[PDB]
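Using ideal geometry, Cβ is built from the backbone for each residue, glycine included, and neighbour counts are taken over all protein chains shown. The values are calculated or read from the model by the stated rules, or taken from the named source; none is laboratory data.
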Amino acid sequence: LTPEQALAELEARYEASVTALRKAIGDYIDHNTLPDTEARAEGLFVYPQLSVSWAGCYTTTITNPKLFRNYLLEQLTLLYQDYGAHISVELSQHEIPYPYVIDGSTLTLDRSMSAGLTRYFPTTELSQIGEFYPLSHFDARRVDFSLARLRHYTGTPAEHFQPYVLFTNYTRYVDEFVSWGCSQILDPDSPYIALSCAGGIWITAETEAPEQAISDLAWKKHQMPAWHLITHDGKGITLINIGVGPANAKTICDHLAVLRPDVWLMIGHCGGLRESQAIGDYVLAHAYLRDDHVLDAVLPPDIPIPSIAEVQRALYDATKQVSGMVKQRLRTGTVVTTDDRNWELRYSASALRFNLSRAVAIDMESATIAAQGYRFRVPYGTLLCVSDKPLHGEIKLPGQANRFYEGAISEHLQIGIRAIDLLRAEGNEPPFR
Amino acid sequence: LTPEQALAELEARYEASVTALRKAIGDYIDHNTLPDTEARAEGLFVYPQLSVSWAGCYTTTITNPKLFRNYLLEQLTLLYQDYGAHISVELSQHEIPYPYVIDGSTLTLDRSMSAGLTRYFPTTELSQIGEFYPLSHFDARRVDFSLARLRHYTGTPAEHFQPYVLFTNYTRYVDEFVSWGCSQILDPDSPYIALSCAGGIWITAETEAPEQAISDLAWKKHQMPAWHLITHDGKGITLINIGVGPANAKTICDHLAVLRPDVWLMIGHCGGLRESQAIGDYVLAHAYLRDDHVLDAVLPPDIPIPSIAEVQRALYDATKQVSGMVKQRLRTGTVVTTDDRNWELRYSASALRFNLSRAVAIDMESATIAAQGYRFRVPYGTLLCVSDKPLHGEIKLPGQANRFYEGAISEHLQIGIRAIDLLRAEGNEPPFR
Amino acid sequence: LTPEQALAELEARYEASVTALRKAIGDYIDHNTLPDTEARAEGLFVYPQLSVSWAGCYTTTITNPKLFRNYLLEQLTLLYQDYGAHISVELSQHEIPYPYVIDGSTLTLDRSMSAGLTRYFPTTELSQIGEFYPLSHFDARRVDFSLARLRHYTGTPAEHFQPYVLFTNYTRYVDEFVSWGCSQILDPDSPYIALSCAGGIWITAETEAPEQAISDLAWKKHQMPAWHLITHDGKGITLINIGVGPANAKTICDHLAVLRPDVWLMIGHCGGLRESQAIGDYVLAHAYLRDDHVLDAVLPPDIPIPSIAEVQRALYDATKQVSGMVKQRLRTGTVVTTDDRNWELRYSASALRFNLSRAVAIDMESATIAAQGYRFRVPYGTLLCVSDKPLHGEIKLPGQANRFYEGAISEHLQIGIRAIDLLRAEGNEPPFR
């Protein structure tokens, strides 16, 4: 089959199933009626299934054909002009849980109606989330489970996310990014055409008020707000403010992997461990020592996490170009990651390991992001800036009086954006990439 | 010595030392002059030291005699009427780091001045923070290290904290508490006389505007805001919004232990694990299964963490009185604590342990607070409310559409406050309690 | 002191002490006489000691000033024109064991004389091998312990070793290297002037017979023969045939580190693990998975072993230039190292790890050499060539009928030598490098 037919059929089947389930819920609520157990067994509430045969056959269940349109289309056409494969679209035996299809009702229901919904209708089973080979990394019951939480943690629809992701932990970066984006949109000759903020704000070049992009209500309701800078093609920039901790940088990566991004970058601040370092110097990681106890059950510390040559070259070039000069202000080394925000009180232990690995800086998130980008096959990077010297009696705090690190906050972000630009300019494994 | 003399001498010595250090910094900045190494060796920049002899002698260095006045006074008078002890006050050989005494200058200094300050003046050494026996749990260099971060994480001065602490993780509780406090202050016959909010807002009964207590800027700048409801005696209520995670509930406890509170209470929501539980039911913990990897290096999981009979009795009585009825809406059991926000994806492992311990609920903070209250000898409690049923297909999210858990948010807080009231109504170990 | 005076004094003191000990042994053997315990306590049998003061003072005992002449001289002059330091030379309190000074006698002694030598003369104590800071990595009692075994394992004097070391495991490489060197020496315009073979053979351009360099008696007596290609300056090439196993590649590195080489290169063959690989393709390592149980007590597997950018760039350039074409014949990946020569019989276990690390090849020595070059601060590299496909039913043996891997043995060595040439063309830490 030509891929266009497959896409159209998938969309039609998914729409029919969702509409049927919505109407069944509606008339059960409003008339106390149950659905037949025979017609429902005719694949009435089931996900569409796609299979390609070329050695063997690979089948998976698709969950949102209208959101993954470009990715699915290019992956299907890449296996239709270079190999010999047959494409089949049919109905599966897995059912759509009802909490995922609520977009036209208001469940102001008492306990009896909730019990009836739980009893007579499909629900989520934890034994499910986790012709004989898988075609993609994830099935439908996991992608749909993750898309429901992306909209809750972040605050923006999942249709807006862009392929180049930046992570921060300091709100001044957010202010700088919003200002720079609002300045760039007004430029007549620029790819960007719109800005989407957390909370449901859509700013274009024809809005009377540009002074509501950064409101204080966003940090009230959403744990990890995100700002997207849309492009006409679909190649923009996304900024996510994860926070502080190695457990908040793992869940967001888990939920964000299902969109298949193109690159993850980390931009933050650390604390130097070498006497030659001065506040305001850049650190580039080429190896990570993992002291965060998360991910030790699925990826043991014996497994080595390498670096990616292309990303490091891009970061070095961007630093050289933007800084306008770098053998003394930029270092390359091993960064430590810990889940203990008060490691000083136990320093006398950690010191031993800090000597065996010849570490250069310490932070709290980079190793977890690198591990998650290794597990899900996403390119990753890191570029940190020294904010204090804990071991040499110049210890400071993020947000307090610091006139040398606050100066280099509007230039660190420029280095990150230039790295993204340079990366974009150039260019048992499941067959989908 | 009578304790009054000891208190006066401690205050005078501390004030003299702080003033001397401040003036030395000032004239070094403004005239490029250094201090003598001989007069400075006359105990010019040193903490006062207090010793009591009664078997043996105990000595510690005091850091802020005017903040710990009541505690020190009662502890010293309790050892002067029941034992035979001699009290001595002198000068120690430990020096006051300069970052702790900056309250009258503005260090808009370049790199040269910062280097000079680091070289010619006392600084923080990490080998220090961690007549022959200790008189208190902590020395001065640790109390002063913690008081500097209490003011940064929270946003309020350390002189306002109250002895009865409530922990939450859901901002609706904060809104309810602020409203109830502002309503209580206006009552002519009530112990409370003022409210102190995060960010530096002081509300009394004679303020024109009571509509600025809860602003959205607090969540922008401070990670863990706190609201205090002051009382004339010093017996009020403190509310702290720690957040989500087992690593944010450990650092705040580390920094808050040095004020010697009277009780820590935890008020939040969990996810039920038993089929008989309905959304809106109360869970009371009598044992904790610790799956959070923090604190496993200083308190191994073999050590048992018991419960406190007085606190559990108070919580049961408060629930019975406020709820106005409890053998079916209230359960007692074992709660699990995990650092993985997506445990469902790995459920098939954890299930085994969930069967061996006969668990009743799952949450993310209670076990760490209980362990920290065990280490520092502070009474602790816990009272959770079921918000979803993950294993039985009724899984929900905090902040989403939930009309049965949002109803019992103005009554859960009342149960907590009544428990605090009931607890207040009644009533190698260092000699200080 | 000017460094020349220090060198002359060190040489004179060492020569005097060695001569005194030799004569004492001689006259004890030939006349049954003992040495005085008072004159001997005048520093009569002691190592010279060198100290430099510049912050603090560093002292170490020198063992062979006439062999380390250039290294010591340049390190001492580098600290005399860039810093302020004072140089002192004196006598230490450590004694020279007699087994290290036997170069003029023949101990055809019975048991009585051996017992007398052990009793009345200094001997080796195992508590010793393993003004207040160390000036170099090793002291005299360890350097002298290692120089005695370099001459036994290898078969050549320690004065001939060159700074650029190549490791092999296949004797055909040795034959090719000997032939190429003997051809290069005869060239009138070439840096090389002599060849030194294992067993004590010295070949120059004026020898009648060039057909005795490669004799079969070398493999009889010496475990790890080495061939040196001397240069007039001191910049030549050394080839060492370590053998097979991860325990023979660790002891030779231990003993060879004390000469401070400039680069270690590994050249061997592996077994591919990817279906796209064909026999005769090159693998370049950028991360090592360590399954050899040696070195797990001094460098745990948690510590990451990075790669060196300069060496990898040189290897890539050399492959591109020599091969005369490389995106398909050259791969970059993770190599596994194991101490089990029959891993196939247990494959069903190792497979799991082979999937977590995305490995590309398997060998038996590279990871140990990389770890040893990390511990002693020596640059390291690796370039392997595929010889069989164990997992895809093309398994072969080294030395058996293989007409595609035997062709690329005279070109692999050329790539290694070109890499050495390119590296030479360009260009709590002890102060000596």
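Looking only at the stretch B:89-99, count every residue that is surrounded by 14 or more Cβ atoms within 10 Å (Cβ to Cβ) and outside any loop (DSSP other than H, G, I, E, B) and tell me the total.
To start, the set of residues in the stretch B:89-99 that are surrounded by 14 or more Cβ atoms within 10 Å (Cβ to Cβ) comprises B:89, B:91-92, B:94-99.
The next check asks that each one be outside any loop (DSSP other than H, G, I, E, B); those that pass are B:89, B:91-92, B:94-95, B:98-99.
Residues meeting the conditions: 7.
Of all residues in the stretch C:329-339 being touching an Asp or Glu at 6+ places or on another chain (Cβ under 8 Å) and of a type outside the set (K, R), which is farthest from A:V298 (Cα to Cα)? Please lay out each step first, then the result.
Of the residues in the stretch C:329-339, the ones touching an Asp or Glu at 6+ places or on another chain (Cβ under 8 Å) are C:329-331, C:335-339.
Next, only the ones that are of a type outside the set (K, R) stay: C:330, C:335-339.
Values: C:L330: 31, C:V335: 21, C:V336: 20, C:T337: 22, C:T338: 23, C:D339: 25 Å.
Checked the stretch C:329-339; the qualifying residue farthest from A:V298 (Cα to Cα) is C:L330.
State whether one or more residues within the stretch B:246-262 are within 18 Å of B:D339 (Cα to Cα), within 11 Å of chain A (Cβ to nearest Cβ) and among the β-branched types (V, I, T). Talk me through it step by step, then tell me what you get.
First, the residues of the stretch B:246-262 that are within 18 Å of B:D339 (Cα to Cα): B:246-253.
If we keep only those that are within 11 Å of chain A (Cβ to nearest Cβ) as well, we get B:246-248, B:250-253.
Subset that is among the β-branched types (V, I, T): B:251-252.
Yes, the stretch B:246-262 contains at least one residue that is within 18 Å of B:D339 (Cα to Cα), within 11 Å of chain A (Cβ to nearest Cβ) and among the β-branched types (V, I, T).
Report whether or not B:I362 is more than 26 Å from B:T238 (Cα to Cα), over 21 Å from the mean Cα position of the chain (by Cα) and crowded, with 18+ Cβ neighbours inside 10 Å.
Numbers: more than 26 Å from B:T238 (Cα to Cα): no; over 21 Å from the mean Cα position of the chain (by Cα): yes; crowded, with 18+ Cβ neighbours inside 10 Å: yes.
In short, no.
Which condition number does C:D302 fail, the rest of (1) touching a strand residue (DSSP E or B) at 6+ places or on another chain (Cβ under 8 Å); (2) surrounded by 15 or more Cβ atoms within 10 Å (Cβ to Cβ) being met?
(2)
Does any residue of the stretch B:24-37 turn out to be touching a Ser or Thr at 6+ places or on another chain (Cβ under 6 Å) and not in a helix (DSSP H, G or I)?
Checked the stretch B:24-37: no residue is touching a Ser or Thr at 6+ places or on another chain (Cβ under 6 Å) and not in a helix (DSSP H, G or I).
Given the criteria within 11 Å of chain B (Cβ to nearest Cβ) and crowded, with 21+ Cβ neighbours inside 10 Å, does A:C270 qualify? Let's see the steps before the verdict.
Working: within 11 Å of chain B (Cβ to nearest Cβ): no; crowded, with 21+ Cβ neighbours inside 10 Å: yes.
No; evaluated as a whole, the condition is false for this residue.
Residue check: is C:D103 acidic (D, E) and more than 21 Å from C:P35 (Cβ to Cβ)? Break it down into steps so the answer makes sense when it comes.
Values: acidic (D, E): yes; more than 21 Å from C:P35 (Cβ to Cβ): no.
In short, no.
Within the stretch C:45-52, can one find any residue that is within 22 Å of C:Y98 (Cβ to Cβ) and more than 27 Å from the chain's Cα centre (by Cα)? Step through it out loud before you land on a result.
Our first condition is that a residue be within 22 Å of C:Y98 (Cβ to Cβ); within the stretch C:45-52, this holds for C:45-49.
Adding the requirement that they be more than 27 Å from the chain's Cα centre (by Cα) leaves C:45-46.
Checked the stretch C:45-52: at least one residue is within 22 Å of C:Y98 (Cβ to Cβ) and more than 27 Å from the chain's Cα centre (by Cα).
In the stretch A:398-419, what residues are under 30 Å from B:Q223 (Cα atoms) and away from chain B (no Cβ under 14 Å)?
Start the filter on the stretch A:398-419 by keeping residues that are under 30 Å from B:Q223 (Cα atoms), which leaves A:398-417.
Those that are under 30 Å from B:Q223 (Cα atoms) and away from chain B (no Cβ under 14 Å): A:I409, A:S410, A:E411, A:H412, A:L413, A:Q414, A:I415, A:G416, A:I417.
Would you confirm whether or not the stretch C:235-247 contains a residue that is in a helix (DSSP H, G or I) and in the same structural domain as C:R346 (by CATH)? Steps first, answer last, please.
Initially, the stretch C:235-247 is screened for residues in a helix (DSSP H, G or I), giving none.
No, every residue in the stretch C:235-247 fails to be in a helix (DSSP H, G or I) and in the same structural domain as C:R346 (by CATH).
May I ask you to verify whether A:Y100 is within 14 Å of chain B (Cβ to nearest Cβ) and of a type in the set (S, T, Y)? Write out each step before concluding.
Working: within 14 Å of chain B (Cβ to nearest Cβ): yes; of a type in the set (S, T, Y): yes.
So A:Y100 passes the test.
Let me confirm something: among B:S357, B:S387, which residue is closer than 20 Å to B:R331 by Cα, within 28 Å of the chain's Cα centre (by Cα) and of a type in the set (G, A, S)?
Values: B:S357 fails: within 28 Å of the chain's Cα centre (by Cα).
Only one candidate qualifies: B:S387.
Can you give me the number of residues within the stretch B:218-234 that are closer than 13 Å to B:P163 by Cβ and not in a loop (DSSP other than H, G, I, E, B)? Walk me through how you get there before you give the answer.
From the stretch B:218-234, those closer than 13 Å to B:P163 by Cβ are B:228-231, B:233-234; that's our starting set.
Still in the running and not in a loop (DSSP other than H, G, I, E, B): B:228-231.
So the answer is 4.
Report yes if some residue within the stretch C:402-409 is within 22 Å of C:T334 (Cα to Cα) and of a type in the set (A, V, I, L, M, F, W, C); otherwise report no.
Keep residues of the stretch C:402-409 that are within 22 Å of C:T334 (Cα to Cα), which gives C:405.
Filter once more, keeping what is of a type in the set (A, V, I, L, M, F, W, C): none.
Within the stretch C:402-409 (the criterion being within 22 Å of C:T334 (Cα to Cα) and of a type in the set (A, V, I, L, M, F, W, C)), the answer is no, since none of the residues qualifies.
When you go through B:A140, B:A85, B:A115 one by one, which is the residue that is within 14 Å of another protein chain (Cβ to nearest Cβ) and surrounded by 13 or more Cβ atoms within 10 Å (Cβ to Cβ)? Walk me through it before giving the result.
Working: B:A140 fails: within 14 Å of another protein chain (Cβ to nearest Cβ); B:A85 fails: within 14 Å of another protein chain (Cβ to nearest Cβ).
Exactly one of B:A140, B:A85, B:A115 is within 14 Å of another protein chain (Cβ to nearest Cβ) and surrounded by 13 or more Cβ atoms within 10 Å (Cβ to Cβ), namely B:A115.
Looking at (1) out of contact with any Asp or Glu (no Cβ under 9 Å at 6 or more places or on another chain); (2) farther than 28 Å from A:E429 by Cα, which is the one condition that is false for C:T368?
Looking at each condition in turn, C:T368 falls short on (1).
Kindly state which strands (runs of 3 or more DSSP E) lie completely within the stretch A:278-397 and contain at least 2 residues that are within 14 Å of chain B (Cβ to nearest Cβ) and within 30 Å of B:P122 (Cα to Cα).
Values: elements: A:282-291, A:330-338, A:359-363, A:383-388.
Here the list reads A:330-338, A:383-388.
Looking for whichever is touching a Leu at 6+ places or on another chain (Cβ under 7 Å) and either within 20 Å of C:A16 (Cβ to Cβ) or outside the structural domain of C:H31 (by CATH) (or both) here; the options are C:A148, C:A85, C:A158, C:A140. Which one fits?
Values: C:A148 fails: touching a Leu at 6+ places or on another chain (Cβ under 7 Å); C:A85 fails: either within 20 Å of C:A16 (Cβ to Cβ) or outside the structural domain of C:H31 (by CATH) (or both); C:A140 fails: touching a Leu at 6+ places or on another chain (Cβ under 7 Å).
Within the list C:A148, C:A85, C:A158, C:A140, the selection yields C:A158.
Somewhere in the stretch B:192-207, is a residue within 30 Å of B:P430 (Cβ to Cβ) and crowded, with 19+ Cβ neighbours inside 10 Å?
Taking every residue of the stretch B:192-207 in turn, none turns out to be within 30 Å of B:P430 (Cβ to Cβ) and crowded, with 19+ Cβ neighbours inside 10 Å.
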